[PDB]
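S.K.: Residue numbers (the entry's author numbering), protein chains in the order written: chain A, 0 to 196; chain B, 1 to 96, 102 to 128, 131 to 194. The C-beta atom is built at its ideal place from N, Cα and C for all residues, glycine as well.
(1) Could you give the first and the last residue of the continuous alpha helix (DSSP H) run that contains residue 49 (chain A)?
(2) Determine the chain B residues that contact residue 184 (chain A) at a beta-carbon separation under 7 angstroms, and present them in chain order.
(3) Using C-beta distances below 6 angstroms, list every residue in its chain close to residue 181 (chain A), excluding the 5 sequence neighbours before and after it, in chain order.
(4) Report the residue from A:50, A:12, A:6 and A:11 whose alpha carbon sits nearest the alpha carbon of residue 32 (chain A).
(5) For residue 188 (chain B), return the contacting residues in chain A, with the cut-off set at a CB-CB distance below 8 angstroms.
(6) According to a CB-to-CB cut-off of less than 7 angstroms, which residues of the segment 43-76 of chain B neighbour chain A?
(7) Take residue 56 (chain A) as the anchor and find which of A:30, A:92 and A:118 has the nearest alpha-carbon.
(8) Does DSSP put residue 64 (chain B) in a helix, in a strand, or in coil?
(9) Just curious, the beta strand (DSSP E) that residue 25 (chain B) is in, first and last residue?
(10) As a quick exercise: from B:150, B:113, B:63 and B:69, pick the residue whose alpha carbon is nearest that of residue 8 (chain B).
(11) Provide the residue span of the beta strand (DSSP E) that contains residue 79 (chain A), from first to last.
(12) Against residue 19 (chain B), what residues of chain A qualify as contacts under a CB-to-CB distance less than 9 angstroms, listed in chain order?
(13) Where do the ends of the alpha helix (DSSP H) carrying residue 115 (chain A) lie?
(14) Mind pulling the chain A residues with CB within less than 8 angstroms of residue 176 (chain B)?
(15) Quick one: what's residue 135 (chain A) bridged to in DSSP?
(16) Assess, as a yes-or-no matter, whether the segment 173-190 of chain B is touched by the segment 88-95 of chain B under the definition of 3 or more beta carbon pairs within less than 8 angstroms.
(17) Cβ atoms of residue 138 (chain B) and residue 160 (chain B): under 9 angstroms apart, would you say?
(18) Determine the direct distance from the alpha carbon of residue 66 (chain B) to that of residue 142 (chain B), and round the result to whole angstroms.
(19) Specify the secondary structure class of residue 194 (chain B) as computed by DSSP and reduced to three states.
(20) Excluding the 5 residues preceding and the 5 following residue 121 (chain A) in the sequence, name in chain order all residues of the same chain whose CB lies nearer than 7 angstroms to its CB.
(21) Identify the residues that DSSP records as bridge partners of residue 99 (chain B): which are they?
(22) According to DSSP, is residue 169 (chain A) helix, strand or coil?
(23) Would you report the Cα separation of residue 37 (chain B) and residue 83 (chain A), rounded to the nearest angstrom?
(24) Determine the extent of the alpha helix (DSSP H) in which residue 101 (chain B) is found, giving its start and end residues.
(25) Let me see if you follow: with CB-CB separation under 9 angstroms, is residue 168 (chain B) close to chain A or not?
(26) Could you tell me the distance, in whole angstroms, from the CA atom of residue 77 (chain A) to the CA atom of residue 126 (chain A)?
(27) Given this structure, state the Cα-to-Cα distance separating residue 50 (chain A) from residue 10 (chain A), to the nearest angstrom.
(28) Would you please verify whether the beta carbon of residue 16 (chain A) is less than 9 angstroms from any beta carbon of chain B?
(29) DSSP beta-bridge partners for residue 38 (chain B)?
(30) If we ignore side chains and look at the alpha-carbon of each, how far apart do residue 35 (chain B) and residue 4 (chain B) end up?
(31) Of all the CB atoms in chain B, is at least one closer than 9 angstroms to the CB of residue 32 (chain A)?
(32) Just reading off the beta strand (DSSP E) that residue 45 (chain B) is part of, what are its end residues?
(33) List the residues of chain B whose Cβ lies closer than 8 angstroms to the Cβ of residue 180 (chain A), in chain order.
(34) Please say whether residue 39 (chain A) and residue 186 (chain A) have beta carbons closer to each other than 9 angstroms?
(35) Nearest-angstrom Cα distance between residue 81 (chain A) and residue 168 (chain B)?
And the structure:
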C-alpha cells in the first residue's frame, strides 16, 4: 500500500469518530492500522493513560510515512472564531508563559479548509480572550517539531471546541462526540485524494 | 434543512455506513442523525426484495428531499469489474417497465435491473439487484428524487455469491465511502 498516512490525535475523544470511519485493527505494536488499495492509514493516540502526555509518545518519531495529519480540538481565544468549525493550520507556535519565549513552525495547509494560526501551551488556557491568539491546543507544536525530525510533511486539522474561559469549558465537556465527528468529516476527503486507481 | 433518507436491504450492507455517524436508533432498523442543516435517516429493510420494500415503504414516507438506495448488486456482464461503486441512471424490472434514477455526481454510471428472485443466468444486462425498482416506484409516489449507489458484489454466474460473502466488509465500506461525501454535499 504505497501512500502511508499517519493520523495523530491527542486523546481518545478526539480520535473516536475517525476510528469509526474505517475498519481499523489493533496491530501487535498496540496501535490502529487499516489499508486498502495503495493507502496505509495508521492512527496514534498520544495520551491514553494518565494525567499528561509524555515525550516518548512520539520519540523517536515514527519513520516511513508520507504525511502526518494531527487532528484535534482547539480552544478559541478570539470571539470571532465560531465554535464547531474546522480549520487547517498555517503555523503553530509553542509558547512558554513564564518566560514569554516562543518557537514557531510552518505547517502544510490542507486544501479547502479555512486557515488559522495555532498556539500550543502545556496548560489549557482559561485566561479569557487574547488579542494575538486564535486557536489554542496542547500538542500541535510538539507534533510538528517531531515531524521535522523525519523530514515528513505535517498538516493539522483543528476544530474549535470551546472559548478559552472558565465558563467556556462546559461546552468542550459536553460536545466531544460532535467535535470528533467534525474531525472525521475533514479527514475523509484527504484520505480519498490519495487513492491512486 | 435538507432531509435525506438512505435505504439498505440488509444489515451487513448497511453496517459500515452506520459507523460513519453517531446515529440514534429511533425504532427497529431506523437510524437518525442530524446537524443544523442536514437530517440523515437510514432504513434497513427487515427482509430482501419487493416483499421487504412493501413492508417498509408502504406507505412511503413523505417529507424527504432525496432518497438514496445503497446496496450490493450482481454484475451480469464480465466487462464490469467487481468491487466497483456505481451510481444508477435508470432501473427496470426484469419480470414486469423502466424509471429514470438521479445520478450521484462523480461516480461511474450504470443501468440497473431488479429481479423478483435470485438471478444466476450468467451473461444484455449491467447491474442486477432485487430492491431498486420497487424503491424508485415508492419514491415516485411522494414525488421525491431517488438516487442509487450499487457496488458490484458478484457475477451472476453459479456460486458467484462466494465473492460477495468473502468481501462483505470491503463491499459495505465502499458504500459508506460513497455516502459520506453525499452527506457533506448538503452542509
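M.R.: The structure says:
(1) Per DSSP, residue 49 (chain A) belongs to no alpha helix (DSSP H) and is neither H nor E.
(2) 191
(3) Closer than 6 angstroms at the Cβ level, and outside the excluded window around residue 181 (chain A), lie 85 and 158.
(4) A:6
(5) 187, 188 and 191
(6) none
(7) A:30
(8) Residue 64 (chain B) falls in the coil class under three-state DSSP.
(9) 24-27
(10) B:69
(11) Premise fails: residue 79 (chain A) is in no beta strand (DSSP E) and is neither H nor E.
(12) 19, 20, 21 and 22
(13) Premise fails: residue 115 (chain A) lies in the beta strand (DSSP E), 114-119, not in any alpha helix (DSSP H).
(14) Neighbours of residue 176 (chain B) on chain A, chain order: 22.
(15) A:74 and A:118
(16) no
(17) no
(18) 12 angstroms
(19) coil
(20) Same-chain partners within the cutoff: 137.
(21) For residue 99 (chain B), no position is available: the coordinates of chain B end at 96 and pick up again at 102.
(22) helix
(23) If you take the alpha carbons of residue 37 (chain B) and residue 83 (chain A), they lie about 13 angstroms apart.
(24) For residue 101 (chain B), nothing is modelled; it lies in the interval where chain B passes from 96 to 102 with no residues in between.
(25) no
(26) 12 angstroms
(27) 11 angstroms
(28) With 9 angstroms as the cut-off, residue 16 (chain A) counts as an interface residue toward chain B.
(29) Per DSSP, B:2.
(30) 12 angstroms
(31) Taking Cβ atoms only, chain B never reaches closer than 9 angstroms to residue 32 (chain A), which makes this a no.
(32) No beta strand (DSSP E) contains residue 45 (chain B), which DSSP labels as neither H nor E.
(33) Per Cβ cutoff of 8 angstroms: 21 and 22.
(34) no
(35) So the two alpha carbons sit approximately 50 angstroms from each other.
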